[PDB]
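For reference, the chain that follows is the form deposited in one PDB entry, supplied as structure tokens.
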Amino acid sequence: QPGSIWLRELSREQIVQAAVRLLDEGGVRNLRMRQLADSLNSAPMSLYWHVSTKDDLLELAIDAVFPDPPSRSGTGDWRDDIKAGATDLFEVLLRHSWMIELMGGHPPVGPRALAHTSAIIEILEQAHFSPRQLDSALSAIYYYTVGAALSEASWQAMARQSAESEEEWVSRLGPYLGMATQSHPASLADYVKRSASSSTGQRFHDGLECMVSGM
């Protein structure tokens, strides 16, 4: 019953953190309860005692890495405040890209998620957003930020690798460009180049401005 772990209230903080490291280096598939026990030098049964099932460990993991509630600056510049909290969340999602697929399956109702949402709600209330206006603004922040994190992740495969030179990289991407210029006007191929080239998160902040002034 996705979300129910939170209804039910070696330590658990210790396990969850070892899981997140396991998630960071492999992924959802790398998170094996056996290897978790070993990394914690424990019997699998001792884990099972604190964390009922893997599904539950995942829910604990998602919330544990959620950023802190965005700071609400005194200057009343809720615009700068909203921008910050979106950026905080964006960098968490890029750092822990495994959270994305998980959040698709369960809405974060954990305590750090809810505290994060509750703080954004306050920032918007303090800017005289009505309740329905506040729903659309809130939603658009989360939706945009999550979508940006998702797209940034997939475009990583196209982006230049850490030890790869520009020449080797454009050599790798060239065939994708040709295929694009072949079937569509040239503005598509220019966009492909920029997608594969955009500084890690350069495009997020640009659209984030194209968005916050929206409100």
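One-based numbering along the sequence shown. Rigid core (definition): largest C-alpha set, two forms, superposition within 1.5 Å.
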So, looking at the entry's B-factor column for Cα atoms, which has the higher mean, 52 to 60 or 144 to 152?
52 to 60
Test of understanding: from the entry's C-alpha B-factors, which stretch has the higher mean, 39 to 47 or 62 to 70?
39 to 47
According to the deposited entry, which of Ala189, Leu173, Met33, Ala163 has the largest Cα B-factor?
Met33
Split the chain's modelled residues into thirds by Cα B-factor; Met103 lands in the highest
Ranked against its chain, the third holding the CA B-factor of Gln133:
middle
Tertile call for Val20 (CA temperature factor, within chain, third-based) is the lowest
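From this point on, the text means the form deposited in another entry, which you will not see here.
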Picking from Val170, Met33, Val28, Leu40, which residue has its CA shift by 2 Å or more between this form and the one not shown, once the rigid core of the two forms is superposed?
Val170
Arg203 C-alpha moves between this form and the one not shown by 2 Å or more, core aligned
no
Core-aligned C-alpha movement of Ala189 between this form and the one not shown, 2 Å or more:
yes
My question is whether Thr75 is one of the residues whose C-alpha shifts by 2 Å or more between this form and the one not shown, given a fit on the rigid core.
yes
Out of closer and farther, which fits the Cα atoms of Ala189 and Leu150 in the other entry compared with this form, where the change is 3 Å or more?
farther
Once you account for a change of 3 Å or more, let me know if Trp169 and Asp206 sit closer or farther in the other entry, using their C-alpha atoms.
closer
